[PDB]
Amino acid sequence: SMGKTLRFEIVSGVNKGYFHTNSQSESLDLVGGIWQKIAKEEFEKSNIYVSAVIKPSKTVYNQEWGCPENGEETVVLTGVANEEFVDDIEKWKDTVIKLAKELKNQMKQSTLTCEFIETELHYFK
Amino acid sequence: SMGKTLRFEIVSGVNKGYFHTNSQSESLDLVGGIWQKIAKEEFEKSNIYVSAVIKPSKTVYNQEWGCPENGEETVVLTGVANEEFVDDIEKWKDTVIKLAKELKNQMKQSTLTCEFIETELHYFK
Amino acid sequence: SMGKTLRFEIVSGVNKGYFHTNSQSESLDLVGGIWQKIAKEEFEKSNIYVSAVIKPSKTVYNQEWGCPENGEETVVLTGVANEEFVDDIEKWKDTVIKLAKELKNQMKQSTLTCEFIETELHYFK
């Protein structure tokens with residue numbers, strides 16, 4: 001049940017220009033599919049499968065720097081290191097960083113953020 | 001205004017098989033209604049009412065373990081302990097855990113996660 | 001790349017009564033537009049531009065205190081202090097608090113919460 005651990009949160013654009021998607025639902029499928037693919041690959045190499053909860057969102061920033069009025073379509077990916085499956089937090093933390101950089105590449109992103117946050121996880125099973 | 005406290009985050013499936021829901025909006029109403037019900041019950045017993053902000057999402061994991069392509073419908077519930085209403089963080093923390101386990105039961109979930117995160121809350125009123 | 005910093009999270013209502021909005025998409029545009037406006041103003045005074053990732057949500061609380069069945073439309077705004085643009089975490093933290101109070105005023109909110117959370121940011125560029 002109880003355990004002090006890490007959660008991650010990744011924010012990424014959806015590059016509608018490159019992928020030609022027109023709805024948020026399409027962008028969520030795009031990013032979900034890409035994550036499913038690269039997490040699987042990395043799982044078959046390290047036996048660490050990093051799941052992700054993904055939410056659609058909009059990022060609001062300066063219109064002078066090219067943000068559309070009221071914000072730009074983005075996706076947020078979150079996940080947590082469950083010590084029932086994760087034996088080393090550092091190996092997991094390095095795997096997340098690896099997947100973050102690969103997601104940035106697959107999504108053709110100029111920038112991407114990956115945060116880690118200390119969290120106390122309760123897992124009911 | 002300022003105060004160092006706890007926030008919780010709960011991730012749960014929506015069990016479309018059990019409840020026969022076909023849209024995300026239906027799943028959000030389902031989980032919102034259940035939470036409204038059990039938080040009320042627990043409030044009438046402990047005088048602690050735990051509110052929750054709920055967001056629809058998708059959880060992406062291995063397709064070999066039964067995840068649909070691009071992810072499975074989930075809901076995220078978040079909330080924070082406001083010291084203007086919460087006199088003991090530990091009683092609140094135990095009440096959240098109680099509601100988490102009850103939500104897992106009402107949602108017929110095999111598993112469920114409940115995290116607590118240290119946060120500095122500013123409450124403007 | 002690596003850096004220990006702060007993230008913020010703001011939860012706000014959308015006051016459909018005041019603004020006469022009928023869809024979530026309308027409420028997201030409303031809040032996105034307001035944030036874009038006040039962050040720009042504050043940027044031109046302090047040279048700190050605070051971006052925000054915004055998500056629609058519902059807040060579930062007691063129906064006796066006026067919450068609709070299954071929850072009330074809300075918006076969640078999140079952001080992070082990137083030390084590549086933020087030279088003083090305290091000036092940034094004060095600017096977020098400033099924008100939070102201004103957003104509360106522009107949204108005609110009785111209450112509003114603003115949380116800060118310690119986070120380790122990895123910025124890929």
# chains A, B, ... in the order shown; residues from 1 in each chain; ligands from 1
>>> calpha_fit_and_write(fixed="chain B", moving="chain C", output="mmCIF file with N, CA and C atoms, in the first residue's frame")
data_model
loop_
_atom_site.group_PDB
_atom_site.id
_atom_site.type_symbol
_atom_site.label_atom_id
_atom_site.label_comp_id
_atom_site.auth_asym_id
_atom_site.auth_seq_id
_atom_site.Cartn_x
_atom_site.Cartn_y
_atom_site.Cartn_z
ATOM 1 N N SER C 1 -4.633 32.824 3.996
ATOM 2 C CA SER C 1 -4.024 32.703 2.664
ATOM 3 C C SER C 1 -2.990 31.543 2.596
ATOM 4 N N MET C 2 -1.722 31.786 2.961
ATOM 5 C CA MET C 2 -0.664 30.776 2.834
ATOM 6 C C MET C 2 -0.840 29.634 3.844
ATOM 7 N N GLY C 3 -0.393 28.426 3.436
ATOM 8 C CA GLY C 3 -0.372 27.258 4.310
ATOM 9 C C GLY C 3 0.198 26.000 3.663
ATOM 10 N N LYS C 4 1.145 25.327 4.323
ATOM 11 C CA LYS C 4 1.716 24.084 3.801
ATOM 12 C C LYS C 4 0.826 22.896 4.155
ATOM 13 N N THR C 5 0.451 22.110 3.155
ATOM 14 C CA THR C 5 -0.615 21.127 3.354
ATOM 15 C C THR C 5 -0.409 19.966 2.386
ATOM 16 N N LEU C 6 -1.470 19.179 2.174
ATOM 17 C CA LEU C 6 -1.451 18.020 1.292
ATOM 18 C C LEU C 6 -2.495 18.145 0.190
ATOM 19 N N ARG C 7 -2.143 17.651 -0.987
ATOM 20 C CA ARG C 7 -3.118 17.427 -2.034
ATOM 21 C C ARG C 7 -3.158 15.938 -2.324
ATOM 22 N N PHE C 8 -4.298 15.457 -2.808
ATOM 23 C CA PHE C 8 -4.394 14.073 -3.233
ATOM 24 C C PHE C 8 -4.672 14.005 -4.723
ATOM 25 N N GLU C 9 -4.300 12.879 -5.316
ATOM 26 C CA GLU C 9 -4.691 12.584 -6.682
ATOM 27 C C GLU C 9 -5.027 11.108 -6.790
ATOM 28 N N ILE C 10 -6.213 10.811 -7.322
ATOM 29 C CA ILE C 10 -6.712 9.451 -7.492
ATOM 30 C C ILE C 10 -6.909 9.192 -8.979
ATOM 31 N N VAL C 11 -6.424 8.048 -9.464
ATOM 32 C CA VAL C 11 -6.649 7.612 -10.839
ATOM 33 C C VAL C 11 -7.498 6.352 -10.803
ATOM 34 N N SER C 12 -8.577 6.338 -11.572
ATOM 35 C CA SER C 12 -9.454 5.183 -11.571
ATOM 36 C C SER C 12 -9.960 4.906 -12.978
ATOM 37 N N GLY C 13 -10.172 3.624 -13.274
ATOM 38 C CA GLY C 13 -10.897 3.235 -14.468
ATOM 39 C C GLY C 13 -12.379 3.549 -14.321
ATOM 40 N N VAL C 14 -13.114 3.393 -15.422
ATOM 41 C CA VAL C 14 -14.542 3.691 -15.452
ATOM 42 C C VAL C 14 -15.395 2.453 -15.680
ATOM 43 N N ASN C 15 -14.780 1.271 -15.809
ATOM 44 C CA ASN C 15 -15.471 -0.003 -15.994
ATOM 45 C C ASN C 15 -16.683 0.035 -16.915
ATOM 46 N N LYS C 16 -16.466 0.383 -18.183
ATOM 47 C CA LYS C 16 -17.587 0.476 -19.105
ATOM 48 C C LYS C 16 -18.320 -0.848 -19.205
ATOM 49 N N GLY C 17 -17.619 -1.955 -18.960
ATOM 50 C CA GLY C 17 -18.264 -3.257 -19.034
ATOM 51 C C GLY C 17 -19.343 -3.428 -17.987
ATOM 52 N N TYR C 18 -19.081 -2.962 -16.768
ATOM 53 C CA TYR C 18 -20.062 -3.115 -15.706
ATOM 54 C C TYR C 18 -21.201 -2.115 -15.846
ATOM 55 N N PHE C 19 -20.893 -0.860 -16.190
ATOM 56 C CA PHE C 19 -21.890 0.205 -16.144
ATOM 57 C C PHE C 19 -22.530 0.517 -17.484
ATOM 58 N N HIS C 20 -21.988 0.010 -18.590
ATOM 59 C CA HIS C 20 -22.605 0.176 -19.911
ATOM 60 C C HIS C 20 -22.652 1.646 -20.330
ATOM 61 N N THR C 21 -21.543 2.354 -20.162
ATOM 62 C CA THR C 21 -21.441 3.737 -20.595
ATOM 63 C C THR C 21 -20.642 3.780 -21.885
ATOM 64 N N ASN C 22 -21.009 4.692 -22.775
ATOM 65 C CA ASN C 22 -20.399 4.730 -24.097
ATOM 66 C C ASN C 22 -19.678 6.026 -24.418
ATOM 67 N N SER C 23 -19.825 7.069 -23.607
ATOM 68 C CA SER C 23 -19.119 8.308 -23.869
ATOM 69 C C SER C 23 -18.328 8.706 -22.640
ATOM 70 N N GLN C 24 -17.330 9.554 -22.867
ATOM 71 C CA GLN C 24 -16.570 10.082 -21.747
ATOM 72 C C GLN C 24 -17.449 10.904 -20.824
ATOM 73 N N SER C 25 -18.315 11.732 -21.398
ATOM 74 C CA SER C 25 -19.255 12.504 -20.596
ATOM 75 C C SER C 25 -20.068 11.619 -19.656
ATOM 76 N N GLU C 26 -20.530 10.465 -20.132
ATOM 77 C CA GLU C 26 -21.249 9.526 -19.273
ATOM 78 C C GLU C 26 -20.362 9.009 -18.144
ATOM 79 N N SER C 27 -19.098 8.726 -18.448
ATOM 80 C CA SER C 27 -18.195 8.205 -17.431
ATOM 81 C C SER C 27 -17.881 9.261 -16.384
ATOM 82 N N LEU C 28 -17.726 10.512 -16.807
ATOM 83 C CA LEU C 28 -17.498 11.587 -15.849
ATOM 84 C C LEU C 28 -18.693 11.776 -14.927
ATOM 85 N N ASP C 29 -19.907 11.749 -15.475
ATOM 86 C CA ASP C 29 -21.088 11.840 -14.623
ATOM 87 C C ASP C 29 -21.152 10.674 -13.654
ATOM 88 N N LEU C 30 -20.839 9.472 -14.142
ATOM 89 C CA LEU C 30 -20.878 8.297 -13.291
ATOM 90 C C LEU C 30 -19.953 8.468 -12.091
ATOM 91 N N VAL C 31 -18.696 8.820 -12.351
ATOM 92 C CA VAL C 31 -17.704 8.938 -11.289
ATOM 93 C C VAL C 31 -17.986 10.159 -10.422
ATOM 94 N N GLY C 32 -18.377 11.276 -11.039
ATOM 95 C CA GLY C 32 -18.783 12.431 -10.259
ATOM 96 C C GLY C 32 -19.927 12.116 -9.312
ATOM 97 N N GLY C 33 -20.948 11.419 -9.813
ATOM 98 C CA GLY C 33 -22.083 11.094 -8.972
ATOM 99 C C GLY C 33 -21.699 10.180 -7.827
ATOM 100 N N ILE C 34 -20.888 9.164 -8.114
ATOM 101 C CA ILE C 34 -20.469 8.251 -7.059
ATOM 102 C C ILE C 34 -19.678 8.996 -5.998
ATOM 103 N N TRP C 35 -18.730 9.843 -6.424
ATOM 104 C CA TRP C 35 -17.942 10.594 -5.451
ATOM 105 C C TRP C 35 -18.825 11.505 -4.614
ATOM 106 N N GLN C 36 -19.747 12.219 -5.258
ATOM 107 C CA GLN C 36 -20.674 13.077 -4.529
ATOM 108 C C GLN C 36 -21.408 12.287 -3.452
ATOM 109 N N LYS C 37 -21.761 11.037 -3.758
ATOM 110 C CA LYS C 37 -22.524 10.210 -2.835
ATOM 111 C C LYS C 37 -21.681 9.787 -1.638
ATOM 112 N N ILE C 38 -20.491 9.241 -1.892
ATOM 113 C CA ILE C 38 -19.705 8.690 -0.798
ATOM 114 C C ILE C 38 -19.061 9.799 0.026
ATOM 115 N N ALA C 39 -18.736 10.936 -0.593
ATOM 116 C CA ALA C 39 -18.179 12.028 0.199
ATOM 117 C C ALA C 39 -19.228 12.575 1.149
ATOM 118 N N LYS C 40 -20.480 12.617 0.692
ATOM 119 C CA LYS C 40 -21.583 13.051 1.535
ATOM 120 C C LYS C 40 -21.771 12.105 2.709
ATOM 121 N N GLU C 41 -21.834 10.801 2.432
ATOM 122 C CA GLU C 41 -21.956 9.832 3.512
ATOM 123 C C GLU C 41 -20.853 10.021 4.535
ATOM 124 N N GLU C 42 -19.605 10.040 4.071
ATOM 125 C CA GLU C 42 -18.478 10.176 4.982
ATOM 126 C C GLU C 42 -18.501 11.515 5.706
ATOM 127 N N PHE C 43 -19.030 12.557 5.060
ATOM 128 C CA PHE C 43 -19.168 13.850 5.724
ATOM 129 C C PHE C 43 -20.136 13.761 6.898
ATOM 130 N N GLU C 44 -21.252 13.062 6.716
ATOM 131 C CA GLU C 44 -22.221 12.957 7.791
ATOM 132 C C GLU C 44 -21.733 12.105 8.954
ATOM 133 N N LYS C 45 -20.596 11.432 8.819
ATOM 134 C CA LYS C 45 -20.059 10.621 9.899
ATOM 135 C C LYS C 45 -18.857 11.240 10.577
ATOM 136 N N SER C 46 -18.072 12.034 9.858
ATOM 137 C CA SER C 46 -16.842 12.595 10.390
ATOM 138 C C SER C 46 -16.823 14.111 10.324
ATOM 139 N N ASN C 47 -17.851 14.722 9.741
ATOM 140 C CA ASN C 47 -17.895 16.149 9.430
ATOM 141 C C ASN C 47 -16.717 16.608 8.565
ATOM 142 N N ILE C 48 -16.077 15.697 7.834
ATOM 143 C CA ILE C 48 -15.091 16.056 6.824
ATOM 144 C C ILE C 48 -15.718 15.772 5.463
ATOM 145 N N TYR C 49 -15.938 16.826 4.677
ATOM 146 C CA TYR C 49 -16.366 16.711 3.287
ATOM 147 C C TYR C 49 -15.143 16.904 2.396
ATOM 148 N N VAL C 50 -14.774 15.874 1.632
ATOM 149 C CA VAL C 50 -13.639 15.946 0.710
ATOM 150 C C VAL C 50 -14.187 16.230 -0.685
ATOM 151 N N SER C 51 -13.944 17.438 -1.186
ATOM 152 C CA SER C 51 -14.273 17.779 -2.559
ATOM 153 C C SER C 51 -13.253 17.181 -3.504
ATOM 154 N N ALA C 52 -13.638 17.088 -4.776
ATOM 155 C CA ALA C 52 -12.724 16.555 -5.776
ATOM 156 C C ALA C 52 -12.939 17.245 -7.115
ATOM 157 N N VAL C 53 -11.827 17.622 -7.744
ATOM 158 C CA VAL C 53 -11.797 18.084 -9.123
ATOM 159 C C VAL C 53 -11.535 16.858 -9.990
ATOM 160 N N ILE C 54 -12.383 16.625 -10.986
ATOM 161 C CA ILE C 54 -12.309 15.401 -11.774
ATOM 162 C C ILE C 54 -12.151 15.758 -13.246
ATOM 163 N N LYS C 55 -11.264 15.033 -13.919
ATOM 164 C CA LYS C 55 -10.879 15.251 -15.299
ATOM 165 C C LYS C 55 -10.942 13.908 -16.015
ATOM 166 N N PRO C 56 -11.419 13.886 -17.252
ATOM 167 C CA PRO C 56 -11.322 12.665 -18.057
ATOM 168 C C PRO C 56 -9.917 12.519 -18.607
ATOM 169 N N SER C 57 -9.521 11.276 -18.864
ATOM 170 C CA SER C 57 -8.178 11.013 -19.375
ATOM 171 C C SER C 57 -8.166 9.637 -20.030
ATOM 172 N N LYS C 58 -7.006 9.267 -20.574
ATOM 173 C CA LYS C 58 -6.755 7.926 -21.070
ATOM 174 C C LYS C 58 -5.447 7.439 -20.482
ATOM 175 N N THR C 59 -5.420 6.173 -20.081
ATOM 176 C CA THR C 59 -4.211 5.548 -19.570
ATOM 177 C C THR C 59 -3.674 4.628 -20.656
ATOM 178 N N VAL C 60 -2.424 4.853 -21.045
ATOM 179 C CA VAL C 60 -1.771 4.108 -22.111
ATOM 180 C C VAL C 60 -0.848 3.095 -21.455
ATOM 181 N N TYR C 61 -1.054 1.819 -21.762
ATOM 182 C CA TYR C 61 -0.166 0.778 -21.279
ATOM 183 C C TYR C 61 -0.122 -0.321 -22.332
ATOM 184 N N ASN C 62 0.493 -1.440 -21.975
ATOM 185 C CA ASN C 62 0.821 -2.473 -22.955
ATOM 186 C C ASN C 62 -0.430 -3.046 -23.617
ATOM 187 N N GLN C 63 -0.462 -3.046 -24.952
ATOM 188 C CA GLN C 63 -1.596 -3.663 -25.639
ATOM 189 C C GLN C 63 -1.667 -5.169 -25.389
ATOM 190 N N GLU C 64 -0.533 -5.798 -25.073
ATOM 191 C CA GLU C 64 -0.536 -7.233 -24.803
ATOM 192 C C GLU C 64 -1.281 -7.561 -23.519
ATOM 193 N N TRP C 65 -1.335 -6.616 -22.584
ATOM 194 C CA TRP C 65 -2.060 -6.796 -21.341
ATOM 195 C C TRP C 65 -3.461 -6.213 -21.420
ATOM 196 N N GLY C 66 -3.974 -6.006 -22.629
ATOM 197 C CA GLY C 66 -5.365 -5.654 -22.803
ATOM 198 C C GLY C 66 -5.695 -4.181 -22.941
ATOM 199 N N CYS C 67 -4.706 -3.303 -23.001
ATOM 200 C CA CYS C 67 -4.994 -1.890 -23.231
ATOM 201 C C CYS C 67 -5.427 -1.678 -24.678
ATOM 202 N N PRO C 68 -6.556 -1.013 -24.928
ATOM 203 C CA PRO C 68 -6.918 -0.677 -26.311
ATOM 204 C C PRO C 68 -5.843 0.173 -26.958
ATOM 205 N N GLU C 69 -5.837 0.156 -28.288
ATOM 206 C CA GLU C 69 -4.915 1.004 -29.030
ATOM 207 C C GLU C 69 -5.140 2.460 -28.641
ATOM 208 N N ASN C 70 -4.058 3.130 -28.243
ATOM 209 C CA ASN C 70 -3.988 4.542 -27.852
ATOM 210 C C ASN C 70 -4.529 4.794 -26.449
ATOM 211 N N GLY C 71 -4.959 3.771 -25.709
ATOM 212 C CA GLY C 71 -5.239 3.987 -24.305
ATOM 213 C C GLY C 71 -6.664 3.714 -23.880
ATOM 214 N N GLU C 72 -6.841 3.558 -22.574
ATOM 215 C CA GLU C 72 -8.088 3.149 -21.953
ATOM 216 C C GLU C 72 -8.685 4.318 -21.183
ATOM 217 N N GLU C 73 -10.004 4.474 -21.277
ATOM 218 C CA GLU C 73 -10.683 5.582 -20.603
ATOM 219 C C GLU C 73 -10.488 5.517 -19.092
ATOM 220 N N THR C 74 -10.018 6.619 -18.506
ATOM 221 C CA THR C 74 -9.838 6.711 -17.063
ATOM 222 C C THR C 74 -10.329 8.079 -16.597
ATOM 223 N N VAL C 75 -10.393 8.258 -15.276
ATOM 224 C CA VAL C 75 -10.735 9.532 -14.657
ATOM 225 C C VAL C 75 -9.711 9.824 -13.576
ATOM 226 N N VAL C 76 -9.354 11.097 -13.441
ATOM 227 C CA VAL C 76 -8.420 11.581 -12.437
ATOM 228 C C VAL C 76 -9.196 12.484 -11.483
ATOM 229 N N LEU C 77 -9.086 12.217 -10.181
ATOM 230 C CA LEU C 77 -9.712 13.014 -9.133
ATOM 231 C C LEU C 77 -8.622 13.661 -8.288
ATOM 232 N N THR C 78 -8.692 14.982 -8.120
ATOM 233 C CA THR C 78 -7.717 15.699 -7.306
ATOM 234 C C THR C 78 -8.407 16.585 -6.281
ATOM 235 N N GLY C 79 -7.700 16.853 -5.191
ATOM 236 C CA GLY C 79 -8.254 17.711 -4.160
ATOM 237 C C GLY C 79 -7.156 18.130 -3.214
ATOM 238 N N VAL C 80 -7.477 19.095 -2.366
ATOM 239 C CA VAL C 80 -6.465 19.670 -1.495
ATOM 240 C C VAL C 80 -7.084 19.899 -0.124
ATOM 241 N N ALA C 81 -6.255 19.756 0.909
ATOM 242 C CA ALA C 81 -6.682 19.950 2.292
ATOM 243 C C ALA C 81 -6.529 21.421 2.657
ATOM 244 N N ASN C 82 -7.658 22.111 2.797
ATOM 245 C CA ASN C 82 -7.679 23.539 3.084
ATOM 246 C C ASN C 82 -7.788 23.718 4.592
ATOM 247 N N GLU C 83 -6.755 24.296 5.203
ATOM 248 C CA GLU C 83 -6.724 24.367 6.660
ATOM 249 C C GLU C 83 -7.814 25.264 7.225
ATOM 250 N N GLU C 84 -8.488 26.045 6.380
ATOM 251 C CA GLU C 84 -9.681 26.769 6.798
ATOM 252 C C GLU C 84 -10.850 25.836 7.116
ATOM 253 N N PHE C 85 -10.852 24.610 6.581
ATOM 254 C CA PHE C 85 -11.889 23.635 6.886
ATOM 255 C C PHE C 85 -11.349 22.376 7.529
ATOM 256 N N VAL C 86 -10.049 22.144 7.462
ATOM 257 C CA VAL C 86 -9.447 20.887 7.884
ATOM 258 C C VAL C 86 -8.621 21.170 9.124
ATOM 259 N N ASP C 87 -9.021 20.588 10.249
ATOM 260 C CA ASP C 87 -8.295 20.851 11.477
ATOM 261 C C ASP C 87 -7.167 19.871 11.698
ATOM 262 N N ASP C 88 -7.328 18.618 11.281
ATOM 263 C CA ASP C 88 -6.217 17.676 11.337
ATOM 264 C C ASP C 88 -5.961 17.081 9.964
ATOM 265 N N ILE C 89 -4.764 17.351 9.442
ATOM 266 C CA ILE C 89 -4.323 16.789 8.177
ATOM 267 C C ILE C 89 -4.380 15.272 8.210
ATOM 268 N N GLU C 90 -4.135 14.662 9.378
ATOM 269 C CA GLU C 90 -4.139 13.205 9.461
ATOM 270 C C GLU C 90 -5.552 12.642 9.378
ATOM 271 N N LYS C 91 -6.517 13.275 10.048
ATOM 272 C CA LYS C 91 -7.903 12.854 9.884
ATOM 273 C C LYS C 91 -8.353 13.035 8.437
ATOM 274 N N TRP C 92 -7.978 14.150 7.806
ATOM 275 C CA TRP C 92 -8.317 14.345 6.396
ATOM 276 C C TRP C 92 -7.657 13.279 5.528
ATOM 277 N N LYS C 93 -6.356 13.058 5.732
ATOM 278 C CA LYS C 93 -5.620 12.057 4.968
ATOM 279 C C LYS C 93 -6.228 10.661 5.122
ATOM 280 N N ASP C 94 -6.730 10.330 6.315
ATOM 281 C CA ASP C 94 -7.378 9.034 6.502
ATOM 282 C C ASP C 94 -8.739 8.987 5.828
ATOM 283 N N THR C 95 -9.423 10.125 5.764
ATOM 284 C CA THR C 95 -10.723 10.180 5.119
ATOM 285 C C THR C 95 -10.595 10.028 3.610
ATOM 286 N N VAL C 96 -9.570 10.652 3.023
ATOM 287 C CA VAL C 96 -9.303 10.493 1.594
ATOM 288 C C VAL C 96 -9.028 9.025 1.269
ATOM 289 N N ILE C 97 -8.112 8.400 2.023
ATOM 290 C CA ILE C 97 -7.833 6.976 1.848
ATOM 291 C C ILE C 97 -9.114 6.159 1.960
ATOM 292 N N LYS C 98 -9.971 6.481 2.935
ATOM 293 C CA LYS C 98 -11.254 5.791 3.057
ATOM 294 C C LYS C 98 -12.084 5.952 1.792
ATOM 295 N N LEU C 99 -12.202 7.190 1.296
ATOM 296 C CA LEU C 99 -13.006 7.421 0.104
ATOM 297 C C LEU C 99 -12.373 6.751 -1.109
ATOM 298 N N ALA C 100 -11.043 6.748 -1.181
ATOM 299 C CA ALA C 100 -10.372 6.084 -2.292
ATOM 300 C C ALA C 100 -10.736 4.605 -2.340
ATOM 301 N N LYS C 101 -10.689 3.929 -1.190
ATOM 302 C CA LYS C 101 -11.013 2.507 -1.176
ATOM 303 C C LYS C 101 -12.485 2.284 -1.476
ATOM 304 N N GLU C 102 -13.353 3.165 -0.982
ATOM 305 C CA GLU C 102 -14.760 3.021 -1.314
ATOM 306 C C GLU C 102 -15.012 3.285 -2.793
ATOM 307 N N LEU C 103 -14.316 4.263 -3.380
ATOM 308 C CA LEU C 103 -14.499 4.518 -4.810
ATOM 309 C C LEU C 103 -14.051 3.318 -5.626
ATOM 310 N N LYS C 104 -12.926 2.719 -5.231
ATOM 311 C CA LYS C 104 -12.468 1.495 -5.875
ATOM 312 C C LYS C 104 -13.544 0.426 -5.820
ATOM 313 N N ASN C 105 -14.220 0.299 -4.685
ATOM 314 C CA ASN C 105 -15.270 -0.707 -4.590
ATOM 315 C C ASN C 105 -16.472 -0.335 -5.446
ATOM 316 N N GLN C 106 -16.921 0.912 -5.369
ATOM 317 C CA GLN C 106 -18.101 1.274 -6.141
ATOM 318 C C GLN C 106 -17.829 1.217 -7.632
ATOM 319 N N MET C 107 -16.607 1.517 -8.053
ATOM 320 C CA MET C 107 -16.268 1.452 -9.470
ATOM 321 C C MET C 107 -15.889 0.045 -9.935
ATOM 322 N N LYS C 108 -15.929 -0.954 -9.046
ATOM 323 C CA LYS C 108 -15.533 -2.333 -9.355
ATOM 324 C C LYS C 108 -14.162 -2.385 -10.037
ATOM 325 N N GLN C 109 -13.167 -1.787 -9.392
ATOM 326 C CA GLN C 109 -11.824 -1.694 -9.946
ATOM 327 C C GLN C 109 -10.944 -2.792 -9.366
ATOM 328 N N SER C 110 -10.147 -3.435 -10.229
ATOM 329 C CA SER C 110 -9.140 -4.374 -9.738
ATOM 330 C C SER C 110 -8.075 -3.654 -8.925
ATOM 331 N N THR C 111 -7.657 -2.472 -9.381
ATOM 332 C CA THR C 111 -6.636 -1.679 -8.712
ATOM 333 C C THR C 111 -7.063 -0.218 -8.737
ATOM 334 N N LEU C 112 -6.402 0.580 -7.905
ATOM 335 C CA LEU C 112 -6.637 2.012 -7.807
ATOM 336 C C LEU C 112 -5.458 2.613 -7.069
ATOM 337 N N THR C 113 -5.029 3.800 -7.488
ATOM 338 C CA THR C 113 -3.940 4.517 -6.842
ATOM 339 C C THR C 113 -4.463 5.784 -6.184
ATOM 340 N N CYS C 114 -3.876 6.118 -5.037
ATOM 341 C CA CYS C 114 -4.156 7.357 -4.327
ATOM 342 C C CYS C 114 -2.828 7.941 -3.872
ATOM 343 N N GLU C 115 -2.484 9.122 -4.364
ATOM 344 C CA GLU C 115 -1.229 9.763 -4.019
ATOM 345 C C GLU C 115 -1.475 10.995 -3.168
ATOM 346 N N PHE C 116 -0.535 11.277 -2.269
ATOM 347 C CA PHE C 116 -0.527 12.535 -1.543
ATOM 348 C C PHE C 116 0.751 13.272 -1.879
ATOM 349 N N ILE C 117 0.617 14.578 -2.064
ATOM 350 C CA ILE C 117 1.708 15.431 -2.494
ATOM 351 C C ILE C 117 1.732 16.661 -1.597
ATOM 352 N N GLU C 118 2.924 17.019 -1.135
ATOM 353 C CA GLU C 118 3.099 18.203 -0.310
ATOM 354 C C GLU C 118 2.900 19.434 -1.169
ATOM 355 N N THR C 119 2.124 20.381 -0.670
ATOM 356 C CA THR C 119 1.816 21.541 -1.477
ATOM 357 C C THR C 119 1.645 22.734 -0.554
ATOM 358 N N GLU C 120 1.931 23.917 -1.082
ATOM 359 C CA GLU C 120 1.733 25.168 -0.360
ATOM 360 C C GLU C 120 0.516 25.869 -0.950
ATOM 361 N N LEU C 121 -0.563 25.932 -0.168
ATOM 362 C CA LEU C 121 -1.870 26.393 -0.629
ATOM 363 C C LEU C 121 -2.071 27.863 -0.299
ATOM 364 N N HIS C 122 -2.481 28.640 -1.295
ATOM 365 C CA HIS C 122 -2.917 30.016 -1.100
ATOM 366 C C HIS C 122 -4.399 30.085 -1.429
ATOM 367 N N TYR C 123 -5.199 30.506 -0.462
ATOM 368 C CA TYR C 123 -6.650 30.510 -0.580
ATOM 369 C C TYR C 123 -7.129 31.952 -0.518
ATOM 370 N N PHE C 124 -7.693 32.425 -1.617
ATOM 371 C CA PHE C 124 -8.162 33.793 -1.738
ATOM 372 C C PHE C 124 -9.671 33.791 -1.568
ATOM 373 N N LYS C 125 -10.175 34.629 -0.663
ATOM 374 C CA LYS C 125 -11.613 34.647 -0.389
ATOM 375 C C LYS C 125 -12.121 36.047 -0.086
#
>>> select_by_dssp(residues="chain B", states="alpha helix (DSSP H)", output="number ranges by chain")
B: 16-19, 24-46, 89-106
>>> select_by_dssp(residues="stretch 6-81 of chain A", states="strand (DSSP E or B)", output="PyMOL selection string")
chain A and resi 6-13+52-60+72-80
>>> write_last_selection(atoms="C-alpha atoms", output="tab-separated table (two decimals), in the first residue's frame")
chain	number	residue	atom	x	y	z
A	6	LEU	CA	8.24	9.78	-7.77
A	7	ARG	CA	5.65	10.90	-10.27
A	8	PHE	CA	6.44	12.43	-13.64
A	9	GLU	CA	4.59	14.96	-15.74
A	10	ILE	CA	5.37	15.67	-19.41
A	11	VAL	CA	3.90	18.54	-21.44
A	12	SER	CA	4.15	18.35	-25.21
A	13	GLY	CA	2.74	20.04	-28.28
A	52	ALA	CA	1.13	7.23	-18.82
A	53	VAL	CA	-2.16	8.99	-18.10
A	54	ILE	CA	-2.72	11.51	-20.89
A	55	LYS	CA	-5.04	14.53	-20.92
A	56	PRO	CA	-5.73	17.12	-23.63
A	57	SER	CA	-5.06	20.74	-22.75
A	58	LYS	CA	-4.22	24.18	-24.13
A	59	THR	CA	-1.08	26.16	-23.37
A	60	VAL	CA	-1.63	29.92	-23.21
A	72	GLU	CA	-2.36	26.20	-28.36
A	73	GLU	CA	-3.34	22.52	-28.33
A	74	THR	CA	-1.09	20.48	-26.04
A	75	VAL	CA	-1.11	17.11	-24.25
A	76	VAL	CA	-0.09	16.32	-20.66
A	77	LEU	CA	1.32	12.88	-19.79
A	78	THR	CA	1.58	11.79	-16.15
A	79	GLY	CA	2.69	8.64	-14.40
A	80	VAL	CA	3.99	7.30	-11.13
